[PDB]
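Notes follow once the structure below has been shown.
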Amino acid sequence: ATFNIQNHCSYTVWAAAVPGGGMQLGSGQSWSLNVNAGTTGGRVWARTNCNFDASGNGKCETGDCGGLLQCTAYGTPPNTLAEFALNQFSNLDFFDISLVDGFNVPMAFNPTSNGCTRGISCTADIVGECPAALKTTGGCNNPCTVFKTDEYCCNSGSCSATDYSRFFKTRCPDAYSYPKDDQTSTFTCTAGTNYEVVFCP
């Protein structure tokens, strides 16, 4: 499958993918990423305010993946996430936008083939609106990241929405706002669909 990863922000971002790596995308530039059929735990995200040396080692203000330009591991919150698992049960791809690891950059994540048309977006000014307890440089953290309790992180107990998850959910109703926000955040397409991930759509 092909992911068309497009930076429509006026600022440069450093696109990241696992599997895939990462590259600098100036405003208006795009990356076509091949993603094999059957991939699980897939993510695409943007990183902000990075500075990398000649060998691809360095730092990003949001979404840093172990100091690498070409990510092999997930990024450090906050990072708006396009998540996917391809060719799963019932001849389906499963995909979502997640704010469970926070928000940095607005995002659309849409199918582009196979007669799959229903996509996803989170475009609110979540950084400008972020509550004080969640705010950080370049982003808005999920309360699981900030507080690290089961109320927000749901390893055990009864996982329900919280005022801090609801902040994200009412502003981006399409996206996961807390770990068990499954019922209203799950998108599917026929297996084998292509996708776009657009920063600042």
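Numbering (this note's numbering), first residue to last: 1 to 201. C-beta atoms are modelled at their ideal positions from N, C-alpha and C, and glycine is treated no differently.
**Request:** Look at the alpha carbon of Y178 and the alpha carbon of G157, and state the distance between them as a whole number of angstroms.
**Result:** 14 angstroms
**Asked** What is the rounded straight-line gap between the Cα of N91 and the Cα of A191?
**Response** Rounded to whole angstroms, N91 to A191 spans 5 angstroms at the Cα level.
**Request:** Please list, in chain order, all residues of the same chain as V198 whose beta carbon is under 6 angstroms from its beta carbon, the five residues on each side excluded.
**Result:** Hits under 6 angstroms: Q6, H8, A108.
**Item:** Through-space distance from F103 to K135, alpha-carbon basis
**Value:** 10 angstroms
**Distance CB(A46)-CB(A73) smaller than 8 angstroms** = no
**Asked** Whose C-alpha, out of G26, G138, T2, is nearest the C-alpha of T12?
**Response** Checking every option, the nearest Cα to that of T12 belongs to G26.
**Item:** Candidates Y152, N87, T39, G75, of which the one nearest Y176 by Cα
**Value:** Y152
**Request:** Taking only runs that begin and end inside the segment 8–87, name each unbroken beta strand (DSSP E) of 3 or more residues, in chain order.
**Result:** 13–18, 21–25, 30–34, 42–52, 58–62
**Prompt:** So who's on the other strand from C122, going by DSSP bridges?
**Reply:** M107
**Prompt:** For the candidate residues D93, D64, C122, whose alpha-carbon lies nearest to that of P201?
**Reply:** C122
**Message:** Tell me the rounded alpha-carbon separation between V127 and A54.
**Reply:** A54 has its alpha-carbon roughly 31 angstroms from the corresponding atom of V127.
**Pair within 8 angstroms by beta-carbon distance, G119 and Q70** = no
**Item:** Backbone CA spacing between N34 and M23 [nearest angstrom]
**Value:** 14 angstroms
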